[PDB]
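For reference, chains read A, B, C and D in written order, and residue numbers begin at 1 within each chain.
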Amino acid sequence: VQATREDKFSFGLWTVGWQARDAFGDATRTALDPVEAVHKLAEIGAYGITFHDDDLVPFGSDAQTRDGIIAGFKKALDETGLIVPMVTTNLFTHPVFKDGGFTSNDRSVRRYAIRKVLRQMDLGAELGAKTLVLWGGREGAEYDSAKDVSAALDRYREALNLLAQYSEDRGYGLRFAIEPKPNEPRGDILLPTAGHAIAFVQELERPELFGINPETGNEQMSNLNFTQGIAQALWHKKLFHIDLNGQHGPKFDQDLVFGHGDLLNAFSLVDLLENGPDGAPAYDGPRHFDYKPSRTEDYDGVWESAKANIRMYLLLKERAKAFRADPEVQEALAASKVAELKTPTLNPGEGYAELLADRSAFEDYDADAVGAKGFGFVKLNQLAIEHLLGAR
Amino acid sequence: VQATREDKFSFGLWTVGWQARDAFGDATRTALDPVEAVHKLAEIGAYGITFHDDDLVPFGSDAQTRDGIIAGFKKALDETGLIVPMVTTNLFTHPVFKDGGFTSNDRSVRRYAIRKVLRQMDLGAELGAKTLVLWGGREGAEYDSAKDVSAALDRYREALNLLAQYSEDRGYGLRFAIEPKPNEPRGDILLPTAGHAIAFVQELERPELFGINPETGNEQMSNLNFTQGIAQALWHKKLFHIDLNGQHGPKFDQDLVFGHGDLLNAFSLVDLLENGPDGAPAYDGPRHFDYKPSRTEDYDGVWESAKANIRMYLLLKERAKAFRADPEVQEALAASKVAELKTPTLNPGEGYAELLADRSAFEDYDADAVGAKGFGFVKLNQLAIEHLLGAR
Amino acid sequence: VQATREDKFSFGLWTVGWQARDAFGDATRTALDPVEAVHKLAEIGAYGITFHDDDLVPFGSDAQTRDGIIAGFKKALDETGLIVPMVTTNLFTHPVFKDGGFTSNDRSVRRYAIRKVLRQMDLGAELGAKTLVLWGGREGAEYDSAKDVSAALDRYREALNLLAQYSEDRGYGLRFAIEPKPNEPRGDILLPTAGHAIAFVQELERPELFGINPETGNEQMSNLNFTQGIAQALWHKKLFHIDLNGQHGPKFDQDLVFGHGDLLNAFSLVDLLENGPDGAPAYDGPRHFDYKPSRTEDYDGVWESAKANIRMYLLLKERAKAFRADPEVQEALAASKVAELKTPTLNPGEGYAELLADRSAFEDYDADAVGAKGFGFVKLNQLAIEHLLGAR
Amino acid sequence: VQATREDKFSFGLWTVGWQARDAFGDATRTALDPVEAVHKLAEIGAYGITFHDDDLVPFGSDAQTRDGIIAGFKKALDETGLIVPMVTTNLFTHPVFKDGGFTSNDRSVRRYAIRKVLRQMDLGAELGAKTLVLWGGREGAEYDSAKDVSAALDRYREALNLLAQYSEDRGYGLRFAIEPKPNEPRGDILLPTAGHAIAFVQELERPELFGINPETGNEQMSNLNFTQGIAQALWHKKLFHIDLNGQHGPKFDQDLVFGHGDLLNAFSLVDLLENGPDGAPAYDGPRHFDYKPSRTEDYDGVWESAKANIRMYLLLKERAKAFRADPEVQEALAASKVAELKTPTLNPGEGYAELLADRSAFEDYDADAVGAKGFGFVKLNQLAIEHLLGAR
């Protein structure tokens, strides 16, 4: 197939730009020029590009240089037609953030982190970004006695309340997406799962401005079901953005191409995002790839890997649709009673009083006869997989 | 040390009563009489007992049978002075619940599940229970296409709203605690972590009546930090109850005695619960042990294991107290700046305008100098362990 | 694609016959009759059936009874043309085995464990079985001080040496396949991975007679690469049998249909076993499915799930073949230097003296230049996945 | 407690010397001078130091520089009395090793990797090192089709056989210790566990010169029982060296201080190594710490953490000793029949025929009566923890 701008494939500058310096070895690739990145991505089908402040403008650049870079960057976007759907801030690389940005034990670091983000909010607003992604990679601890979690949640809230205030007053119209991750680089990161992140956002001052940006690999690092967590996020209406990549369970963060880790879960995820209610997708934001071309690769492997993300999503999309359109699948869904879950448990107007009065729901209920009937889930799963293998 | 009623140690009838039939073998113990369990627990210092409907009254008992069991039960409670602080319903054993209780794809099962629960609420209210724990062990899936999560969450919510209604109408004054679990017995369970359950609870009709009942091993099954998720539950004010046990990371549910799994996390958990703000505990509900005496033990090992739970908690509490009263630990805490997180990041009355104006927060911030200061976290962790080891 | 006797699909009596009684619920299916199972399996294309002693002949059947069952069984075999490639012994269900069979702390259980196996050996011999699978599910511990590992290995060895002695004296011609598992039912099981089992076997008296029976799911419970461990087993020539099934990382043992868990690894595994050395398979034994039909299924679901196992294998085989025959794959394999690994590092007749004299292997070696060339591994991976999805 | 040279505590130069540049941030500490490291370690009680070739001599130093550095290092050891018990080679940092050293698909890289190691073997021999540790960190893959595991194992073997040939011919008398790791930095590493490494070594030409160097966190990254694994290594007599550190289950490689991760396992481990047969340790080599001072620390934090390792080991030893010495433990050990596993299952000269003729081992055996006696394991376990906690 071919990607269109309507597919909304976006990529971070730090993805195809990863030089491949890992925890145990030096970079295997030279630095990628941002203008070139814009051009290359435009060519493979991306509709947008994203970046951390520090990906674009080197940490500690004078005003002149910074200005210079931005203006060149704006031209490339101009020329190519790419947009900046989201921007983010680096609060994890510099040594000053070793104990965190917003929740550093050190108060002067917290104040500096806020300043660094306000500044990226301005650049973001100016480039037309709609979302501010917040990844607290250094928020957490290696040792339990070293971090007061309650105080850290207070300080986290205190910094987000301010960012919302500022954006609303400046009229930027940004939405904020918190990105949860269980560990790496901290032994334990605060807001470890999509769940913890949604519960937190609900405690903010203007909760309607906050949602989450879950990443496939992050939830899998804890062995959780990504598709199911995204279905919960959509139920809550907090799916503000999504980071797509691959991972092979609980181990270091692999950042593989989307669908190169848990293939069965990548299939069910594409199905959930696209075969939404009223035919239409359940999710309309950017399909953003936050992955890394393997360290064994050169620049050709880099563009190859960029294209693989797109091809994986589109091949899966194609099979998810065929799946839903199959009459045999339709028959299996019916036998499994998948849609019966959508009909309320109670008849319209029934409350506990009427339920209590229904002998058929308890006193005369034959739990044994009901318990003997199978749901046909295995057959239903086998049909999904045969669709994924292109065997039907 | 010795447990007092003020310690509020409680046990489920199903813990000391587990006959040890596992997934690969037959029971190794004969059944425990509930009256005998009441007497034995009182004797080791428990203040309360809890139970699933089916633990006390065999599934399908006629009303005469059920009434007799209940009356002998109440007499035992009376005579020993033990109370019933929480009650729960078995929605996982019978074959009828193979696809869940409240979220089974089968509508009639959903209606029966609610009636089973209503009946237990009446019995709980008559025994004086203040909490109803809800463990949706069968709510979930083994295959992604078998379960519509969104419909499932709608059905879950629909059942819970009715229960709150009935309780409030009957004046039962119950609080509801959802217990999260990532998997086992379903491949993937809905509301997998304390975070997911808290975010869900926030969407109910009367959220104030709902909180969570997190279990030590449950979060460890996902390799998450239990103390840190409890800290967040406390921040939201949703810690309605707690299940204490041991686990060795991601593997089947072990249900070891509390402290026999991740000792260091057990230590920091006891510190958090008891050394709360204002001298006083941060949590005041029951300290409930939801564990299982190992399959290798006989009834002597069963009572030894019940006593081990209480001993473990009291020993850790003693060491947590000494930890905080150490002037050396206090000095390490000050050097690591733990308490400085409790100080707002913004000055009183400062807003973004004033922050933007503070050049010390950015323009004149020496990131590099701050970045080089150590936090002394290792040293702090070392003192903590020396206290646990009784080396200090 | 249809199954042939040449495909060698075998199933354990206990897979399709699993009543779905789990750690938290009652059985949802009635007992399956063995003659019936033989007939049904013959029908779906299985070439063979396997069983634990206790799956066929109920624990404690008198000789008359036992004798009667075997005769019926043999007749069913006869009629369908099904063979018994392997037999095993249940050393895990009965309470006497709660601390192990061969390595129980109790000397009398150890003695009984050996007698139980000798007896099963005679029956296997009688039915023509070639392999004796030994799954030490109860060998291990929940607490480190409870089991002397060293002594346990001595006793595991002592027992196996005796079995081989007996087999050899009697002329049975059996091969012994140890089955590794990291945990469940025990907190930790002795010989936890394929590696630990191979290393152990190398220490017995007649090692040539011993190998392993690795199970997909068991390696995945530790997050290990199953394909990669099978490659190493093949390298040692110790792959005596294989148990195929599915799993979703580290959590309780799921026993899904082969390919329903880690699909990508299921693909690379079939490629490994079938696209062997000549053109021929690298593995010639039974393709044994050790799975469980999900608890939500009735007998229709059971037969569906049996068929699904065969279907997944044949579908993956078909795509593995196509992958290797693609000229584009050939090209990608050439660019990745896969085959270059098969060429010895040293030239024929070269030793350390010659290597040390080669200035080009070090002194004049341009590591920087070599380190800049890509291996093109992502692209190769992408072609593999496209073959899997029937996209090529 | 005080460390003595008889304690044999060693530290890698790369441990205390780790500049804290992780996968997400820049170094937070300046470079440590080898000579200074030697003086500091000597001072905290270490008896020896280890290093990777590239830790002491910057990759690419001329012989003049190289020589100068060796000379000074040699002086420092001289003055302090420290020895170099082990040396290793860096076959993972430089980009040339992106696909491995010994198993790179590129033949030239393989030749180069051997030369790099021969050279390090020379320096090791000159400094009196007895063990060459081989950590194949880059041997493995991210994708299944990229690496022929069989070919890889052949090439790993080819390289190792040459190394033993050389050492034996030069009369260096070195022992080779393969260090297993499941993942990080490759998606999956060859020889993922202590078990796989032991099985592989048994296939070399001179197997008696080869053993393993297992690392605490490496086995815990797969959620394996480190103590049980060491016990097996000891049974095989392949425990040639050991790397001690801490980890919190399956997540990135943390490298915490020894005992700061799974504390209960750290305890059973010291008990295993120290309370060997007849009072004497079961292990005689270096007690080597391969850990990292947390990124949040400064040089103060660094020295602290170095001492914490010694401290932890000595506190644990002390409690392990007391545990075993407690007549109450002694009594619980007896009741749990731990030592009964040491008695052969078979009587002296007893074979299959005498066992088959013994009615008490089967025919007349009361499995039900034996199946009901408890092992008293929870109680023994609770006694161990109370010793650890200093409460006994």
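Just so we're on the same page, a contact is a pair of C-beta atoms (placed from the backbone, for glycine too) under 8 Å apart; a residue touches a chain by one contact, two chains touch by 3 or more.
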| item | value |
| --- | --- |
| Pair with more cross-chain C-beta pairs in contact, given C-D and B-C | C-D |
| Identified repeat of the A-B interface (over half of residue pairs identical), from A-D, B-D or C-D | C-D |
| Centre-to-centre distance between chain C and chain A (centres being mean Cα positions), rounded to whole Å | 37 |
| Euclidean distance of C-alpha centroids - chain C vs chain D, Å | 29 |
| Separation of mean Cα positions, chain C and chain B [Å, integer] | 38 |
| Contacts with two or more other chains, residues of chain B listed in rising order | 28, 94-95, 97-99, 142-143, 146, 182-183, 188, 223, 248-251, 260, 264, 294, 296, 371-373, 375, 377-378, 381 |
| Contact footprint of chain B on chain A as seen in their complex | 94-99, 102-103, 105-112, 114-116, 118-119, 140-155, 158-159, 162, 165-166, 169, 182, 188, 190-200, 202-203, 222-225, 227-229, 231-232, 234-236, 250, 264-265, 267-268, 271, 323, 333, 336-346, 351-352, 355-356, 358, 360-362, 365, 367-368, 370-373, 375, 377-378, 380-381, 384 |
| Residue ranges of chain D in contact with chain A within the complex | 20, 22-28, 92-95, 97-99, 137-138, 142-143, 146, 182-185, 187-188, 221, 248-254, 256, 260, 294-296 |
| Interfacial residue positions of chain A with respect to chain C in the complex | 28-29, 223, 248-251, 257, 259-264, 293-294, 296-301, 304-305, 308, 311-312, 315, 319, 371-379, 381-382, 385-386, 388-391 |
